[PDB]
Amino acid sequence: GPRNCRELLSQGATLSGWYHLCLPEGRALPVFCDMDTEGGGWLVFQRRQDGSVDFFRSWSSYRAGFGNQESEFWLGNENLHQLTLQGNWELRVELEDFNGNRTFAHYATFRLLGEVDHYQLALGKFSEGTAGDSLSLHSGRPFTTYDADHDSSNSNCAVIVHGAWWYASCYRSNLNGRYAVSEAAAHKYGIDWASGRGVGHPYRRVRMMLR
Amino acid sequence: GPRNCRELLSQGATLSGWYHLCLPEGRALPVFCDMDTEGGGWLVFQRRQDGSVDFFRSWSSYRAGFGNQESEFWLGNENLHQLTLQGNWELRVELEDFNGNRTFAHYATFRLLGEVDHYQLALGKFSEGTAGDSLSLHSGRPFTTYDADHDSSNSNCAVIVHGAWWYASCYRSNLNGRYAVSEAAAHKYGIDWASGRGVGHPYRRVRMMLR
Amino acid sequence: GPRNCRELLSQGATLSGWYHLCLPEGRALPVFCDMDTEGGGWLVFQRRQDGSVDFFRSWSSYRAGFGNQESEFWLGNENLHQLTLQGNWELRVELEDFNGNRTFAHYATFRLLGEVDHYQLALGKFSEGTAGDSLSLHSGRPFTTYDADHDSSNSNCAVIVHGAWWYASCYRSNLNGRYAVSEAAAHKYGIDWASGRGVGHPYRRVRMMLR
Ligand SMILES: [Ca+2]
Ligand SMILES: [Ca+2]
Ligand SMILES: [Ca+2]
C-alpha cells in the first residue's frame with residue numbers, strides 16, 4: 001500500500017479519515033489522514049479534544065500507541081520512529097482554546113530516533129506560527145514516561161507534570177498533559193504551550209500532524 | 001470488489017458506516033453506507049451537520065470530492081459520475097431543521113453526466129416527500145462553482161449564493177451552501193430547500209443518499 | 001485475515017475502533033475492537049447508548065446484525081455463532097447507570113449454537129462482577145424475537161418486554177430492551193440487569209464483549 005497520506009490523496013483519497021499505510025518494514029498501520037486542512041495529506045499522530053482518553057501512560061503504551069480512533073489517541077513512538085526513518089516530514093501543531101480561537105506552529109522536519117535512544121526528538125527549525133515556538137527546547141531530548149525517567153531533572157517530570165514528553169525539567173510544551181474541561185478546571189501543569197497561553201493555561205483541543 | 005452499498009449489505013455488512021467500494025475503473029473508494037434506512041443499502045454522498053467543513057470550493061475540489069469522514073463531505077462529481085453511469089439509483093434527500101424535525105424528498109433516478117458535460121444533472125421524477133420537490137428545476141443543468149460558471153445567470157450563482165450546485169438563476173435548492181448554526185445566524189442564501197422551509201431558512205443537518 | 005481482536009492488538013493495532021476479522025468461511029467481518037479495557041483485545045458485539053437504534057427486531061435481523069458503527073448495534077447471531085465455534089471466548093458485560101456508575105459481569109466462556117438450535121446460549125460460569133449474575137439463568141435457552149417465540153412461557157416474552165434475548169419466563173437480563181433516555185422516563189421492562197439496578201431501573205450505556 002501507500003507510504004503516507006500525500007500519496008493516498010494523489011490517488012484520489014480526498015476524505016479525511018482512517019487509512020492503512022504500509023510501513024517500510026512491510027507492516028500495515030491504521031492512521032488518520034487529514035485530506036482537507038492546508039492542502040491536505042497530513043498524518044495526524046496525536047489528538048486531544050474531550051478528555052475521554054487517559055494520557056498518563058507507561059513506556060510500552062507510548063511506544064505502541066493507545067486511544068480511540070473516534071476521539072483521542074497517540075499513534076505510538078515506534079510507529080513515528082519507523083515512519084520518520086526516511087523522507088522529510090513537516091510538523092504542524094494545532095491548538096484551540098475554550099473560545100474556539102485556533103493557533104498553530106510549524107516546524108520544517110520531525111523525526112524520532114529509535115527505542116535504544118529513547119525515541120529522542122529531532123526537530124527542524126520553526127518556520128511560522130501564531131502559537132509561537134514551544135518545542136525547540138525539547139529537540140535533542142529523550143522521551144520520558146512515569147516508568148522511564150530520562151529527563152534532566154533530579155526528579156521524574158512525567159510524574160511531576162502528569163504526562164509524557166521529551167521533558168527537560170520540565171517543559172515549554174506538554175501536549176500529552178492532563179485534560180481539563182475548562183479553565184476553572186485547569187491543572188497546575190496541563191495541555192500547555194508556553195509561548196501561546198503559557199504554562200498552567202491549557203487548550204480544549206490539540207492535534208499534532210505530519211506531511 | 002463491492003460496487004455499492006446494497007451489494008455490501010447482501011454480503012452481510014449490516015452496520016452503517018464507512019466501507020470501500022471498487023470503482024469499475026479499478027479504484028477503491030471509501031463511502032458511507034446507511035445500512036438501515038428504509039431497508040438499508042444507501043450510499044450517502046453528501047452530509048452537512050456542524051459547519052466544520054468549507055463547502056465554497058473550486059471545480060477541482062468538487063470534481064475530486066472533499067471533507068471529513070467523521071463529519072461533513074462531498075464525495076466528488078467524478079465519483080458520482082462513475083457510480084451512476086449504469087444502473088438506476090434512487091435519490092433520497094434528508095433534511096433536519098433546528099428544532100430536530102426531519103423531512104425528506106425522493107426522486108426516481110439520479111445520474112451525473114461526465115466532466116465534458118459539466119457533470120450535468122439527470123434527475124427522475126419526484127415521487128414523494130414531506131420536504132416537497134426543490135430539485136426538479138435543477139434537472140438537466142450543468143454543475144457550477146466559483147471558478148466555473150455554467151449557469152443561466154448573467155452573474156455567477158456560486159459566488160452570489162456562496163455554494164456549488166446545478167444552478168439556474170439561481171436555485172430552488174442549495175445544500176452545498178454556507179452553514180448556519182441557527183437561524184439567528186442564517187445567511188440570505190444558505191443550506192436551503194425552497195419547497196420546505198424556503199430560501200433563507202436553512203437546515204441544521206442534511207444528507208443526500210443514493211441506491 | 002486475523003481471527004480475533006487480541007491477534008490484531010498483537011500485530012500493532014493499538015487504537016480501539018473498527019477492524020475486519022476473517023471468519024472460517026472466509027467472509028470478512030467488520031467488528032469493534034476495544035484495545036484498552038483490561039489490557040485490550042475485546043470484540044464488542046453489542047452496544048447501547050443514546051437510543052438512536054431500534055432494537056425490537058425480527059429473527060432474521062438479529063441473525064444478520066443491525067445498527068450503526070458510530071453508535072448502537074447488535075453484531076449478529078450468525079456472526080457470533082461462527083466466531084464462537086472455535087473456542088475460548090470470555091464474556092464481559094459493562095453497565096452504566098444515569099450518573100455514570102459503571103458495573104461489570106464476567107463469565108468464563110460464551111458460545112452460540114447454530115440456527116437450527118435457535119442460537120441457543122452456551123454460557124460458562126460467572127467468575128466475578130460488581131453487577132452480579134443475571135445471565136446464568138439464560139444459559140442453555142434458545143434466543144427469541146417477536147416473530148419467533150422459543151421461550152419457556154405461555155406468553156411471548158420478546159413482545160411482552162419489547163426486546164429479544166434468550167428469554168426463559170422472560171428475564172433476569174434484558175439488555176436488548178427498549179431504550180430510556182432517563183428514569184424518570186423508564187419502562188416497566190427495559191435495559192435491565194436484575195442483580196444490579198434491577199428490573200424497572202435501566203442503564204444509560206451497555207456493552208457486551210468477548211475475548
Ligand atoms: Ca529525572
Ligand atoms: Ca452565469
Ligand atoms: Ca412463549
# chains A, B, ... in the order shown; residues from 1 in each chain; ligands from 1

$ residues_near_ligand --ligand "ligand 2" --cutoff "6 Å" --atoms "only C-alpha atoms and all ligand atoms" --output "list in words"
residues 149, 150, 151, 152, 153, 154, 155 and 156 of chain B

$ select_by_dssp --residues "range 8-169 of chain A" --states "strand (DSSP E or B)" --output "PyMOL selection string"
chain A and resi 15-22+28-34+42-48+66-68+73-74+91-96+102-107+110-112+121-123+126-128+144-145+148+165

$ interface_residues --of "chain C" --to "chain B" --cutoff "8 Å" --atoms "only C-alpha atoms" --output "PyMOL selection string"
chain C and resi 29-30+64-70+73+75

$ residues_around --residues "residue 159 in chain C" --least-positions-apart "4" --cutoff "12 Å" --atoms "only C-alpha atoms" --output "tab-separated table (two decimals) with C-alpha atoms, in the first residue's frame"
chain	number	residue	atom	x	y	z
C	55	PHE	CA	-33.76	-2.96	18.99
C	56	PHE	CA	-37.23	-4.50	18.59
C	57	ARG	CA	-36.32	-6.61	15.59
C	58	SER	CA	-37.07	-9.85	13.76
C	144	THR	CA	-36.35	-15.42	20.91
C	145	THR	CA	-37.72	-12.44	18.98
C	146	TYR	CA	-41.22	-11.04	18.45
C	147	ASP	CA	-41.74	-13.20	15.35
C	148	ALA	CA	-40.00	-16.28	16.75
C	149	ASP	CA	-41.17	-17.27	20.21
C	151	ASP	CA	-39.30	-19.13	25.29
C	155	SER	CA	-46.63	-15.84	26.55
C	163	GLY	CA	-36.79	-6.90	23.20
C	164	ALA	CA	-35.03	-10.03	22.04
C	165	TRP	CA	-32.97	-12.37	24.24
C	167	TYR	CA	-35.74	-15.45	27.42
C	170	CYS	CA	-38.83	-13.69	30.34
C	177	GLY	CA	-34.64	-3.98	25.60
C	178	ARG	CA	-36.31	-0.63	24.85
C	189	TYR	CA	-39.41	-3.59	31.29

$ residues_around --residues "residue 137 in chain B" --least-positions-apart "5" --cutoff "8 Å" --atoms "only C-alpha atoms" --output "JSON, numbers by chain"
{"B": [168, 171, 172]}

$ write_last_selection --atoms "N, CA and C atoms" --output "mmCIF file, in the first residue's frame"
data_model
loop_
_atom_site.group_PDB
_atom_site.id
_atom_site.type_symbol
_atom_site.label_atom_id
_atom_site.label_comp_id
_atom_site.auth_asym_id
_atom_site.auth_seq_id
_atom_site.Cartn_x
_atom_site.Cartn_y
_atom_site.Cartn_z
ATOM 1 N N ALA B 168 -29.419 27.416 -11.727
ATOM 2 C CA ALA B 168 -30.138 28.109 -12.789
ATOM 3 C C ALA B 168 -29.868 29.600 -12.629
ATOM 4 N N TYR B 171 -31.484 29.242 -7.712
ATOM 5 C CA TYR B 171 -31.824 27.913 -7.215
ATOM 6 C C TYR B 171 -33.157 27.748 -6.528
ATOM 7 N N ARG B 172 -33.611 26.497 -6.509
ATOM 8 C CA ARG B 172 -34.636 26.034 -5.574
ATOM 9 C C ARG B 172 -34.046 25.213 -4.422
#

$ residues_around --residues "range 108-117 of chain B" --least-positions-apart "4" --cutoff "12 Å" --atoms "only C-alpha atoms" --output "PDB file with C-alpha atoms, in the first residue's frame"
ATOM      1  CA  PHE B  45     -22.640  11.077  -0.930  1.00  0.00           C
ATOM      2  CA  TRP B  59     -14.321  22.997  -9.769  1.00  0.00           C
ATOM      3  CA  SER B  60     -11.371  20.660  -8.940  1.00  0.00           C
ATOM      4  CA  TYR B  62     -15.927  19.328  -6.262  1.00  0.00           C
ATOM      5  CA  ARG B  63     -14.697  17.027  -9.036  1.00  0.00           C
ATOM      6  CA  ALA B  64     -12.470  15.011  -6.680  1.00  0.00           C
ATOM      7  CA  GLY B  76     -16.987  14.094  -5.584  1.00  0.00           C
ATOM      8  CA  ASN B  77     -18.537  14.677  -9.043  1.00  0.00           C
ATOM      9  CA  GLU B  78     -16.245  12.221 -10.910  1.00  0.00           C
ATOM     10  CA  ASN B  79     -17.041   9.517  -8.318  1.00  0.00           C
ATOM     11  CA  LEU B  80     -20.799  10.186  -8.685  1.00  0.00           C
ATOM     12  CA  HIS B  81     -20.488  10.146 -12.477  1.00  0.00           C
ATOM     13  CA  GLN B  82     -18.664   6.786 -12.458  1.00  0.00           C
ATOM     14  CA  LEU B  83     -21.119   5.263  -9.958  1.00  0.00           C
ATOM     15  CA  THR B  84     -24.149   6.390 -11.941  1.00  0.00           C
ATOM     16  CA  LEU B  85     -23.042   5.538 -15.498  1.00  0.00           C
ATOM     17  CA  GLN B  86     -25.123   2.335 -15.301  1.00  0.00           C
ATOM     18  CA  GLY B  87     -27.984   1.157 -13.105  1.00  0.00           C
ATOM     19  CA  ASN B  88     -30.684   3.435 -11.849  1.00  0.00           C
ATOM     20  CA  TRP B  89     -30.119   4.939  -8.468  1.00  0.00           C
ATOM     21  CA  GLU B  90     -32.928   6.427  -6.493  1.00  0.00           C
ATOM     22  CA  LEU B  91     -32.105   9.612  -4.633  1.00  0.00           C
ATOM     23  CA  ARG B  92     -33.276  10.368  -1.134  1.00  0.00           C
ATOM     24  CA  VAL B  93     -32.627  13.748   0.460  1.00  0.00           C
ATOM     25  CA  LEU B 121     -27.721  16.508 -13.503  1.00  0.00           C
ATOM     26  CA  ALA B 122     -30.088  13.868 -14.847  1.00  0.00           C
ATOM     27  CA  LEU B 123     -32.958  13.501 -12.415  1.00  0.00           C
ATOM     28  CA  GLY B 124     -36.008  11.241 -12.434  1.00  0.00           C
ATOM     29  CA  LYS B 125     -39.387  12.420 -11.262  1.00  0.00           C
ATOM     30  CA  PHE B 126     -40.159  13.382  -7.717  1.00  0.00           C
ATOM     31  CA  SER B 127     -42.127  10.527  -6.147  1.00  0.00           C
ATOM     32  CA  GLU B 128     -42.981  11.689  -2.657  1.00  0.00           C
ATOM     33  CA  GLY B 129     -41.599  13.621   0.250  1.00  0.00           C
ATOM     34  CA  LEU B 135     -34.563  19.714  -7.181  1.00  0.00           C
ATOM     35  CA  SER B 136     -36.626  19.188 -10.393  1.00  0.00           C
ATOM     36  CA  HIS B 138     -32.104  21.730 -11.486  1.00  0.00           C
ATOM     37  CA  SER B 139     -32.531  18.611 -13.569  1.00  0.00           C
ATOM     38  CA  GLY B 140     -30.814  18.950 -16.931  1.00  0.00           C
ATOM     39  CA  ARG B 141     -28.431  21.649 -15.697  1.00  0.00           C
ATOM     40  CA  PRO B 142     -24.605  21.707 -15.577  1.00  0.00           C
ATOM     41  CA  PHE B 143     -22.686  21.971 -12.256  1.00  0.00           C
ATOM     42  CA  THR B 144     -21.356  25.426 -11.329  1.00  0.00           C
ATOM     43  CA  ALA B 148     -16.500  27.616 -13.482  1.00  0.00           C
ATOM     44  CA  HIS B 150     -22.165  27.302 -16.428  1.00  0.00           C
ATOM     45  CA  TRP B 166     -26.557  22.706 -10.771  1.00  0.00           C
ATOM     46  CA  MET B 208     -28.099  13.101   0.117  1.00  0.00           C
ATOM     47  CA  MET B 209     -28.206   9.325  -0.470  1.00  0.00           C
ATOM     48  CA  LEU B 210     -28.367   7.012  -3.478  1.00  0.00           C
ATOM     49  CA  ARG B 211     -29.243   3.418  -4.186  1.00  0.00           C
TER      50      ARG B 211
END

$ closest_residue --among "C:22, C:31, C:160, C:95" --to "ligand 3" --atoms "only C-alpha atoms and all ligand atoms"
C:160

$ select_by_dssp --residues "range 110-185 of chain A" --states "alpha helix (DSSP H)" --output "list in words"
residues 157, 158, 159, 160 and 161 of chain A

$ write_last_selection --atoms "N, CA and C atoms" --output "compact mmCIF listing (two decimals), in the first residue's frame"
# COMPACT_ATOMS: atom_id res chain seq x y z
N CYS A 157 9.86 14.08 35.66
CA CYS A 157 8.94 15.11 35.13
C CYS A 157 7.59 14.56 34.67
N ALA A 158 7.60 13.35 34.13
CA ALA A 158 6.37 12.70 33.72
C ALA A 158 5.44 12.66 34.93
N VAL A 159 5.97 12.23 36.07
CA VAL A 159 5.17 12.21 37.30
C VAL A 159 4.84 13.62 37.75
N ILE A 160 5.86 14.46 37.88
CA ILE A 160 5.66 15.86 38.28
C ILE A 160 4.57 16.59 37.47
N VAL A 161 4.62 16.53 36.15
CA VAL A 161 3.62 17.26 35.35
C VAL A 161 2.44 16.38 34.86

$ closest_residue --among "A:105, A:206, A:175, A:8" --to "residue 41 in chain A" --atoms "only C-alpha atoms"
A:8

$ atom_distance --atom1 "CA of residue 97 in chain C" --atom2 "CA of residue 204 in chain C"
5.3 Å

$ decode --residues "range 86-162 of chain C" --atoms "C-alpha atoms" --output "CSV table (one decimal), in the first residue's frame"
chain,number,residue,atom,x,y,z
C,86,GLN,CA,-13.7,-22.4,17.7
C,87,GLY,CA,-13.3,-21.7,21.2
C,88,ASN,CA,-12.4,-19.9,24.4
C,89,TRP,CA,-14.3,-16.6,24.5
C,90,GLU,CA,-14.7,-15.0,27.8
C,91,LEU,CA,-17.7,-12.7,28.1
C,92,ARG,CA,-17.6,-9.3,29.8
C,93,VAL,CA,-20.7,-7.1,30.3
C,94,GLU,CA,-20.4,-3.4,31.1
C,95,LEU,CA,-23.3,-1.4,32.5
C,96,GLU,CA,-23.5,2.3,33.2
C,97,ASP,CA,-26.4,4.0,35.1
C,98,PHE,CA,-27.6,7.5,34.6
C,99,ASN,CA,-25.0,9.4,36.6
C,100,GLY,CA,-22.0,7.3,35.4
C,101,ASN,CA,-21.6,4.5,37.8
C,102,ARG,CA,-20.1,1.6,35.9
C,103,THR,CA,-20.7,-2.1,36.8
C,104,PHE,CA,-19.5,-5.4,35.3
C,105,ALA,CA,-20.0,-9.1,35.0
C,106,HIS,CA,-17.7,-11.9,33.7
C,107,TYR,CA,-18.3,-15.4,32.5
C,108,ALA,CA,-15.6,-18.0,31.7
C,109,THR,CA,-16.9,-18.8,28.2
C,110,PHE,CA,-19.6,-17.8,25.7
C,111,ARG,CA,-20.9,-19.6,22.7
C,112,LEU,CA,-23.9,-19.6,20.4
C,113,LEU,CA,-25.3,-22.7,18.8
C,114,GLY,CA,-26.5,-22.7,15.2
C,115,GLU,CA,-29.7,-21.5,13.7
C,116,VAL,CA,-31.3,-25.0,13.8
C,117,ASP,CA,-30.7,-24.8,17.6
C,118,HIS,CA,-32.1,-21.2,17.6
C,119,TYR,CA,-28.8,-19.6,18.5
C,120,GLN,CA,-29.1,-21.1,22.0
C,121,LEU,CA,-26.8,-19.5,24.7
C,122,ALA,CA,-24.0,-21.7,25.9
C,123,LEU,CA,-22.5,-19.8,28.8
C,124,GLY,CA,-19.6,-20.7,31.1
C,125,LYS,CA,-19.5,-19.9,34.9
C,126,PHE,CA,-19.9,-16.4,36.4
C,127,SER,CA,-16.4,-15.6,37.6
C,128,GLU,CA,-16.9,-12.1,39.2
C,129,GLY,CA,-18.7,-8.9,38.7
C,130,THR,CA,-19.9,-5.8,40.6
C,131,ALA,CA,-23.2,-6.0,38.7
C,132,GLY,CA,-23.8,-9.6,39.9
C,133,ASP,CA,-25.0,-12.5,37.8
C,134,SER,CA,-28.1,-12.0,35.6
C,135,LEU,CA,-27.3,-14.3,32.6
C,136,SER,CA,-26.7,-17.7,34.2
C,137,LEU,CA,-30.5,-18.3,34.1
C,138,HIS,CA,-30.5,-17.7,30.3
C,139,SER,CA,-27.7,-20.2,29.5
C,140,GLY,CA,-29.0,-23.2,27.6
C,141,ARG,CA,-32.1,-21.4,26.4
C,142,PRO,CA,-32.9,-20.5,22.7
C,143,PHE,CA,-32.9,-16.9,21.5
C,144,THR,CA,-36.4,-15.4,20.9
C,145,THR,CA,-37.7,-12.4,19.0
C,146,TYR,CA,-41.2,-11.0,18.4
C,147,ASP,CA,-41.7,-13.2,15.4
C,148,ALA,CA,-40.0,-16.3,16.7
C,149,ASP,CA,-41.2,-17.3,20.2
C,150,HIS,CA,-39.0,-20.1,21.6
C,151,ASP,CA,-39.3,-19.1,25.3
C,152,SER,CA,-40.3,-21.1,28.4
C,153,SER,CA,-43.6,-19.2,28.8
C,154,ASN,CA,-47.2,-19.4,27.7
C,155,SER,CA,-46.6,-15.8,26.5
C,156,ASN,CA,-44.3,-14.1,24.0
C,157,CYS,CA,-41.5,-12.6,26.1
C,158,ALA,CA,-39.9,-10.6,23.3
C,159,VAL,CA,-43.3,-8.8,22.8
C,160,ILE,CA,-44.2,-8.6,26.5
C,161,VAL,CA,-40.8,-7.0,27.4
C,162,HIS,CA,-40.2,-5.4,24.0
